[PDB]
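**Student:**
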Amino acid sequence: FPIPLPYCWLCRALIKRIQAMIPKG
Numbered sequence: 001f002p003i004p005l006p007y008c009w010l011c012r013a014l015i016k017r018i019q020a021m022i023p024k025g
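Its first residue numbered 1, the sequence shown is counted upward by one per residue in PDB author numbering.
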């Protein structure tokens, strides 16, 4: 369900999921 809610803890969980899909070196 893609819902854009402005919350700091939800933004930190989305940044950790993007880093787990694309590896940094």
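We treat Cβ as the ideally placed atom computed from N, Cα and C, and that holds for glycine.
Alpha carbon to alpha carbon, how far is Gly25 from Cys11? Give it in angstroms, no decimals.
**Tutor:** 23 Å
**Student:** Please classify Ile22: does DSSP put it in a helix, a strand, or coil?
**Tutor:** coil
**Student:** May I have the straight-line CA-CA distance separating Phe1 from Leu14, to the nearest angstrom?
**Tutor:** 14 Å
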